[PDB]
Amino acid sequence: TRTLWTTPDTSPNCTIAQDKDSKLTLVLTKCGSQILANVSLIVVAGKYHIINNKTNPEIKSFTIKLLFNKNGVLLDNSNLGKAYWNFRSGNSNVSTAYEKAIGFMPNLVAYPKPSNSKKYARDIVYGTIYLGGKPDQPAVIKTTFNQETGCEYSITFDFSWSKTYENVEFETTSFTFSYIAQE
């Protein structure tokens, strides 16, 4: 079981603002002590489908959280739907929900849960993706590990942009990053 993923089709699997308003494509491949991750996002409807900052100046960011319990299982408060996340089988997923994926969780010593101790920035990775694949439409994808509550582990994607986009569909290029694995 070396890859946990959302199948790479275009069917909605994530709820940002309203039910199933987006397709998060996330592939986590275990390369031993590091997880190699590849991510992209297609928003298909709702509030974040077409960005028009002339009309809505305040719509400049949104968040997608993946919350996991002690066994690396996705919790239902996550934005990504549970039915859509599992180990890879061909171009699809296994038939039944996995029970353990601790080896794909962000390492708690590298990336500790919030506490009264000093918080370090190494639990964040920043990247830039491009809306519609156009070079002049960058948006930031900030990924943070284990900073959510109500979970043993978490991966949070905070998307934001600073440009004033007018009628730009929120569907992105892909970004790769890695993180240190719990086991």
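Sequential numbering from 1, following the sequence displayed.
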**Message:** Quick check on the record: does 138-146 or 23-31 carry the larger mean Cα temperature factor?
**Reply:** 23-31
**Request:** With reference to the PDB entry, specify whether the mean Cα temperature factor is higher for 110-118 or for 46-54.
**Result:** 110-118
**Asked** Which one of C151, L66, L131, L41 shows the biggest C-alpha B-factor in the PDB entry?
**Response** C151
**Message:** When the deposited Cα B-factors of this chain's modelled residues are ordered and cut into thirds, is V168 in the lowest, the middle or the highest one?
**Reply:** middle
**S174 CA temperature factor, ranked by third within the chain** = lowest
**Request:** Looking at the entry's B-factor column for C-alpha atoms only, identify whether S160 ranks in the lowest, middle or highest third of its chain.
**Result:** lowest
**Message:** What third of the chain does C14 rank in for C-alpha temperature factor, lowest, middle or highest?
**Reply:** lowest
